[PDB]
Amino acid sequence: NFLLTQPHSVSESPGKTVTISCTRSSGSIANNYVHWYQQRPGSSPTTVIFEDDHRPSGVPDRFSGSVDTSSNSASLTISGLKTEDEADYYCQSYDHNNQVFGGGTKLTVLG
């Protein structure tokens, strides 16, 4: 199978921008899609990015996703940071007969 590795945490000031990486153990990250969901403390997840780089109904232009073939790592970017963005972020990826999750990154907004 495969693993997705993310940094334990990221932090930034309001209005600033952050980038969360999601690396793949084996196989080309492009092989399969990558999703991203936001989970505010003590709460239920909500998708912020899909199809590796799409934004579901409602999610602000502030969120965006990409995929670096050379590094084999997808990344979630949040610009124009707002206090409400403080949450844990997880990348999701698929494998025949299985859904894999990243370790998750805790974003702390310093304002």
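All residue numbers are counted from 1 along the displayed sequence.
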Mean C-alpha B-factor comparison - 102-110 and 2-10, higher one: 2-10
Selected stretch [higher average CA B-factor]: 11-19 or 92-100: 92-100
Residue with highest C-alpha B-factor in the PDB entry, from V48, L76, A30, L81: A30
Chain-wide C-alpha B factor ranking for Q38, given as lowest, middle or highest third: lowest
Ranked against its chain, the third holding the CA B-factor of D68: highest
Entry-reported Cα temperature factor of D61, expressed as the chain third it lands in: middle
